[PDB]
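Asks: Fold the following for me, if possible:
(2 chains, ligands or ions: 4)
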2 protein chains.
Amino acid sequence: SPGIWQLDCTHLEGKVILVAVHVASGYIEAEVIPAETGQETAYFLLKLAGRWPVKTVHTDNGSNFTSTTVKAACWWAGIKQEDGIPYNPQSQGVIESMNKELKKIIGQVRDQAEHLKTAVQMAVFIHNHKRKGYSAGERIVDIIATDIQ
Amino acid sequence: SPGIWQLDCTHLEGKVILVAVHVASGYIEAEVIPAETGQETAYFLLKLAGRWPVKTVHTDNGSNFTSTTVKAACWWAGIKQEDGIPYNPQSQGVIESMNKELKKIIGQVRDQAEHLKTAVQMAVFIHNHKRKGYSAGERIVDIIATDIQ
Ligand SMILES: C=CCN(Cc1ccccc1C(=O)NCC1CCCCC1)Cc1ccc2c(c1C(=O)O)OC[C@H](CCC(=O)O)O2
Ligand SMILES: C=CCN(Cc1ccccc1C(=O)NCC1CCCCC1)Cc1ccc2c(c1C(=O)O)OC[C@H](CCC(=O)O)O2
Ligand SMILES: [Cl-]
Ligand SMILES: [Cl-]
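Replies: Numbering: from 1, shown residues only, chains lettered A, B, ... in the order given. Ligands and ions are numbered 1, 2, ... in the order given. Take a look:
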């Protein structure tokens, strides 16, 4: 549970926003990339796993599941690479809702930056700090600290 | 002190490696940039503060302390921007040691990637996971979780 992350790819302004969600907390990291490639996804996972104890990643699609560069990143970083099949149908809905929420926040901040990447990082900040009560940022730290102890 | 970070700028291969250190744990985030501008520093702080509860940042030099773009990022993200004067002389030594350690790790991984940015992220991973026995990644989570509780 503490180590499980899900990848998610959404599109805006002709660009791709790649998101990793910590399943148990709803905490996210995200970046803007010109297109989803194996190299972009691999580099993103490398960053993520240096920052959080990433044990398992549910990949966002079959191309990233297949990608030897993504497999190489997962090997390097000690991540178990898994598929992202929603065996629990509620999983689809959760990711869909999150993409809608993120896009809403990006709209609310869009005029506070020229570049989409800046707006996306503002959206990450707002998402992670939002109290729903604890924030996703608080939940992830508590979950992982409990695991360590 | 759970919320205190220090910026650090070091150079390699004609590029700049910008580092943020969580003082209490030694945990780091880092990125490669072409040069250390206010905008680059502002964007880096924006990313950091969306990911960790950044209360205070000791800036790495007077130019980043002065920069209105850096001040704007700190305002946006709710960060108290401070100078980085080593009133405690041991502070210089610690940062210098860390830069030396990071460069050593980058050397050890350098042939496992074409691009410096990839090597730097490998180095971040190795640094944060190294047991010294807890790792910096464990220490930061424990410190922050204790603060929330
Ligand atoms: C003088 C700065 C240029 N921008 C001025 C701006 C333009 C339009 C609207 C508002 C603002 C504005 O001042 N917003 C307030 C405020 C600025 C700090 C962050 C919190 C919000 C903002 C900015 C800063 C760093 C970036 C940006 C951008 C961008 O406009 O997107 O883009 C990506 C770039 C990547 C790093 C690199 O390449 O250096 O870092
Ligand atoms: C076919 C991939 C190209 N590289 C092949 C390579 C080249 C030379 C030596 C070893 C290896 C090698 O296979 N290493 C093993 C393994 C793969 C990387 C993760 C762990 C280590 C690796 C790589 C991947 C993603 C990147 C990279 C790089 C790079 O070479 O630096 O550079 C930045 C780029 C930014 C995102 C974007 O721009 O897409 O993401
Ligand atoms: Cl947070
Ligand atoms: Cl870690």
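
Asks: is stretch A:70-82 up against ligand 4 anywhere?
Replies: No. Counting by CB under 5 Å from the ion, ligand 4 is not contacted by stretch A:70-82; separation bottoms out at 10.0 Å. The way it works is simple: take the backbone N, C-alpha and C, and place the C-beta from them, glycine included.

Asks: quick one: contacts for the residue of chain A found nearest ligand 4?
Replies: Using CB to the ion, residue A:53 is the residue of chain A that sits closest to ligand 4, at 4.9 Å. When contacts are counted by CB atoms under 8 Å, 6 or more residues apart in numbering or on different chains, residue A:53 touches A:2, A:3, A:144, A:147, B:137.

Asks: Report the secondary structure element holding the spatially most central residue of chain A.
Replies: With distances taken as CA atoms, centre = their mean, chain A has residue A:20 as the residue nearest its mean C-alpha position (1.1 Å). Here residue A:20 sits within strand A:15-22, counting by DSSP states H and E.

Asks: Give the pairing partners of the helix or strand just after that strand; include direction for each.
Replies: Later in the chain than strand A:15-22, the nearest helix or strand by DSSP H and E is strand A:27-33. With DSSP bridges as the test, strand A:27-33 is paired with strand A:15-22 (antiparallel).

Asks: Now do the buried residues in the partner strand.
Replies: A:16, A:17, A:18, A:19, A:20, A:21, A:22 (16 or more other CB atoms under 10 Å in any protein chain shown).

Asks: With stretch A:83-102 instead?
Replies: A:84, A:94, A:95, A:98, A:99, A:102.

Asks: sorry, back to before: name whatever forms a beta bridge with the residue nearest to the centre of chain A.
Replies: Going by DSSP bridges, residue A:20 forms beta bridges with residue A:7, residue A:29.

Asks: what sits against it?
Replies: Neighbours of residue A:20 in contact, by CB under 8 Å, 6+ apart: A:5, A:6, A:7, A:8, A:28, A:29, A:30, A:44, A:45, A:48, A:57.

Asks: What is the nearest of the residues you listed to residue A:106?
Replies: Ranked by distance to residue A:106 (CB to CB), the contacts of residue A:20 are led by residue A:30 at 10.1 Å.

Asks: Do you have the strands of chain A handy? List them.
Replies: A:4-12, A:15-22, A:27-33, A:56-58, A:80-82 (DSSP state E).

Asks: and residue A:121, which of these is closest to it?
Replies: Among the strands of chain A, strand A:27-33 sits nearest to residue A:121 (CB to CB), with 7.7 Å.

Asks: ok and the closest one relative to strand A:4-12, angle-wise?
Replies: 40 degrees (axes from the mean of the first three to the mean of the last three CA atoms, to 10 degrees).

Asks: and residue A:68, how many neighbours does it have?
Replies: 10 (other CB atoms under 10 Å in any protein chain shown).

Asks: With adjacent residues omitted, what lies nearest to it?
Replies: residue A:38 (7.1 Å; CB to CB, 6 or more residues apart in numbering or on different chains).

Asks: separation between the one you found and residue A:90?
Replies: Residue A:38 sits 29 Å away from residue A:90, going by CB to CB, to the nearest Å.

Asks: Please name whichever of the strands of chain A is nearest to residue A:107.
Replies: Across the strands of chain A, closest to residue A:107 is strand A:4-12 (CB to CB), at 9.4 Å.

Asks: what distance separates the closest one from the centre of its chain?
Replies: With CA atoms, centre = their mean, to the nearest Å as the basis, strand A:4-12 stands 5 Å off its chain's centre.
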